[PDB]
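Here it is, the structure, as structure tokens.
Chain IDs A, B, C and D follow the sequence of writing; residue 1 opens each chain.
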Amino acid sequence: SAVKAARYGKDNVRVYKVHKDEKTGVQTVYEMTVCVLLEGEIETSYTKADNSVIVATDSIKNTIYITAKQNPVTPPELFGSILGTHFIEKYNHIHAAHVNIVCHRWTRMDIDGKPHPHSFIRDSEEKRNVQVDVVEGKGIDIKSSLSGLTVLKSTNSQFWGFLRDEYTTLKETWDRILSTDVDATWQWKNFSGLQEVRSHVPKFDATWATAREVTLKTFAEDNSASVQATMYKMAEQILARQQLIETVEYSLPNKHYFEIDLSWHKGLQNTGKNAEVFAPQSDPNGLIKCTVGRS
Amino acid sequence: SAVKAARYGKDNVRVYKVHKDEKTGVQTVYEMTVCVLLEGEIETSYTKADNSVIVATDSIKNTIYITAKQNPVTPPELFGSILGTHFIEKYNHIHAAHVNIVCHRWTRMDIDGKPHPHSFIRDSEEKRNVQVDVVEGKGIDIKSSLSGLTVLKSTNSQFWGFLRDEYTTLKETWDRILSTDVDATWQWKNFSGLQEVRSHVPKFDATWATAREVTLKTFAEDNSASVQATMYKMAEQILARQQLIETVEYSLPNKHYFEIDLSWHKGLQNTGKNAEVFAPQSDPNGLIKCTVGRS
Amino acid sequence: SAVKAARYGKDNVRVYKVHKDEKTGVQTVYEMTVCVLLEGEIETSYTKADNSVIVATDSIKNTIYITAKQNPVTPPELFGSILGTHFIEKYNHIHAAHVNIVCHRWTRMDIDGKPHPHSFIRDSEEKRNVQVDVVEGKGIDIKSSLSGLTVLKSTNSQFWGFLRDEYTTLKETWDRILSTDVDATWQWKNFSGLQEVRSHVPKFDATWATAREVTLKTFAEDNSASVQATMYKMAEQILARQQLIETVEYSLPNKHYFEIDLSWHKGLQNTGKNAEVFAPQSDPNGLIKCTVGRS
Amino acid sequence: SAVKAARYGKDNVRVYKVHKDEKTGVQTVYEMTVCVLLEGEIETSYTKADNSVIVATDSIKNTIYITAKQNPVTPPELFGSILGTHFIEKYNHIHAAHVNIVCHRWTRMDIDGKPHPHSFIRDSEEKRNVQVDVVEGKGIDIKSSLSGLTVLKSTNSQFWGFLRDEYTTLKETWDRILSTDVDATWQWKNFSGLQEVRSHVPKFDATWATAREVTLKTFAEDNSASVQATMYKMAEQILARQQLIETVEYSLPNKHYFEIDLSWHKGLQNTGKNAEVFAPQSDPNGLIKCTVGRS
């Protein structure tokens, strides 16, 4: 036998950073969870017990805090690229660094209609993430994403005209609830290295904001023919608005809300046009995916 | 042996309700998870296999949907009281109904600066809850609460002057991070029955809003001497603003963020006045509780 | 306003301890999560910012590790009593210590039919817990429990003869699946103090084992008329087998498995006597509780 | 823009099946969670709102229950292959079916030293999984796995001789705790279709058992030089014992247990040879991966 693939490092490294503006007194916090896995000429640690090749995972954890101390942690696309570049430049035998970052929301509180200088609220478990793969000789590949964006519309969703055969019981509908947790990922064209990533820094936050805005607007305004049709409209718009994106991927659960027939109880009417009370279903759930790219 | 206490019913009943304004076209959704447990003359189901005394938990689930169909589901204090009153009035041998409700956030989306008619976002896992105990001959006891309100301030928190003995290693500090998940409960004076609960309906949402506002303001503005001292200031204000509240209880974890000494690496300075990067600690955590009532 | 109740301390303190037998070379590990909350004359930390009264929660965490270093951690009833007694004896103004312990399973591995000296497996998320309240002048109150014991029987469960009215749709049944997660708690008679707790040490593990054995046997052998009737039989036996127990409490969810009617598809028969494939329901669930004590 | 990739179906379909032996009276239960995603000529549902191409996810859910009704659900490799083959044969425009199955433990209870006929216990959250990709014209690809196997050894683990530079603080050690959650996957050589999968049925359970046995034995007996070195020994053995496996992949967290220096308290000795009480760390954690194949 032989090692066909190997990667190792530190996962779940929680990091917080505060920036303090001495002029204004305003403080801004950033909190993230970071994973860094390395690849390179490390097979012998597995096959020969040769630890000489191992940059200890504890050392990777130290490096993450040090890098956060010496560099900006925002946008995460930049931080991730700096962190990945560090490992492949620092260590001759390490040839790829894979950096995943999950950013947690700390939104400045408004107290009495004015932004507070140093207090924050976690407004939702929605995350902004990046995956950065820094590979020696092959540049920097970045996938950015939002996830945990949970939405619901109570009408203007339809689902009819689907295949019907001896396995089908679902009724066609022209008015249903649609609810999902949005996972959207946009993949950047490959960057030659850190200098190029730095040159595009303003695009990272702008594109994240555009992706979120397009998602929310389209979800709210599309009179939806299906999850499929609505997510395609979202991805289409993101690609149109940022030329440095190569592909947009969406993964959307269909979180079902079922009508409850109550007519068995005093002829109570609670279905179709009369449906007011529904039973949210924890499982199963539809799962709909698509990756959209350029013609 | 003898049955000393017994209660039974249905937990985790997810309920969604939509209200549709035909004039304006505006829709509003409510989603909750409900638990109803009953007590009464039911010992024989346990001791004699006498199921004749059991209102089936499946029937309790049906009743919850029916009651939501025929009544307002908001404020939850009212819905809970209606649901509990139903069981003790309907069934001669059932003498107490215990109703817990967790309300989930569905906040109307703003699209292009205007409130959307029928699309919503889950902005945070914060909940509004009620516990309603409806006991025959003893009225209606209601505890209202907010929970899962996660906040952080990056400065204006101190902790010094605590007991020091041979078990103490913690250093005194005059500037730290304070972060918590707020659980706050206010207990209403006992109500004689449903008519009285109905008569106070406007106070339920107002008091919930006041509790939340007081929590956020005090947390943000108090130059905090301890979690203890800050939570007391919160509870004091709520009691001052609503005379129908008997007690306010707070339970606050202290979610620690630890300085990371980096001076071992090139004399890098990251502690005290120089602390920028911190390690959020998943566990352990301080846990601080208090119940405040009237002089 | 006034402080009506207050308690504070450290939650989620993970502790592992290893015992090494130098003769045999055999090692045994214990892992627990501990919470200690204190009460006493501490109101002024809340009302006056008087930290002088606060034994820091960080110091409580240190004490837990120190106590585990100097004492046995098993049975947890003893460890908890030692830890609680420490705080009320050490500190004049602290008058109650509330200690909760959750013990995690590390079961010695059998390798080639023989018990391995120092390797262990987590065989299930089942826990053994204790709550110990050590109150100055009032002795030591101990509640012991098992939780997370998840079981299922595929037949020999019935449910018929329940109340039927205009809220009832559930059909009577003489053969169903019964599945639950067992939470069982036994409450010890009050102990005068640590010496008495020490004097009963052998009873703690024996009673835990008896409670578990009785639970499993009764669940498996009772042709069950209801969850109510089966849990009562369990509690009855535990009380009969240990005279130092005052009460036994059970809390059992009814985790429903629903028949799936498939007759719409080629007249396929999958209900009643023909039911083979079922849909486990994540929610809602029955919840059945009882506390049994002595005549 | 254009659809570059798309797949959709039903996730989180919980399925239970009971087999009843009429001769012996013995019952055996199986419980699983199933996901089926389809691919084929379905782009127009995304781009043109053409639902005509969509086999409804609700219909996929029906098919899963029907297939479980008419076929064995064990071994899951077979069930998955039957389920995937169904969709690509039944539907002309569907060309790939991706089936994931998670099997949940229901272990027959022993009551009084004898196996009970119809009662079961969930002994651990360990799972057995399969991923089956059934692709028209390309046969059946099966990856089998175990996950959630949580183990710990209290000694006979070492970690020394790793790279030391200006980022390193970790001390070398010749005796530590090693604890992990095992995720192991073995990939079968491609099968031509269902007939070939059927022909190898006895190998599926045998190989699963071998993988588990090898994992436990090696973990317990290896005097481990690193996680890397130990996992390689595991994968090497599995490949040696089953020629139909092409690759074995392991993903192992290093769940750290930290020494606690207590010497600040009365010179108490709790490090190195004296270490008895440790602090299990929830995060961060090492993460070590490798894929081993044939020379």
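We adopt the following convention: contacts are C-beta pairs under 8 Å (C-beta built on N, C-alpha and C of every residue); 3 or more make two chains touch, one makes a residue touch a chain.
Novice: Which chain lies the greatest distance away from chain D when centres are computed from Cα atoms alone?
Specialist: B
Novice: Determine which of the two chain pairs, A-C or A-D, is joined by the larger number of C-beta pairs in contact.
Specialist: Ranking A-C and A-D by C-beta contacts puts A-D first.
Novice: Taking the mean of the C-alpha atoms as each chain's centre, how many Å separate chain C from chain D?
Specialist: Roughly 29 Å separates the two chain centres.
Novice: Once you find the CA centre of chain A and the CA centre of chain C, what distance in Å lies between them?
Specialist: 38
Novice: Please tell me the distance, in whole Å, between the geometric centres of chain A and chain D computed from their C-alpha atoms.
Specialist: Distance between chain centres, rounded to whole Å: 25 Å.
Novice: Could you say which residues in chain C touch two or more other chains, in rising order?
Specialist: Within chain C, residues 14, 62, 66, 167, 169, 265, 282-283 contact more than one other chain.
Novice: If you connect every pair of chains that touch, what shape comes out? Choose line, ring, star, complete or other.
Specialist: complete
Novice: Would you mind giving me the full set of chain pairs in touch?
Specialist: A-B, A-C, A-D, B-C, B-D, C-D
Novice: Sort out for me which residues of chain A touch chain D in the complex.
Specialist: 1-14, 35, 37, 42, 45-47, 49-59, 61-63, 66, 91, 159-163, 165, 167-170, 225-229, 231-232, 235-236, 239-240, 247, 249, 253-254, 283-295
Novice: For the complex, give me every residue of chain C touching chain A.
Specialist: For this pair, the touching residues of chain C are 166-167, 169, 264-266, 282-283.
Novice: Would you tell me which residues of chain A are touching chain B in their complex?
Specialist: Of all residues in chain A, those touching chain B are 14-19, 27, 29, 31, 62, 65-66, 68-70, 106, 109, 111-112, 116, 118-125, 149-156, 177, 216-217, 219-221, 257, 260, 262, 265, 268, 270, 275-280, 282.
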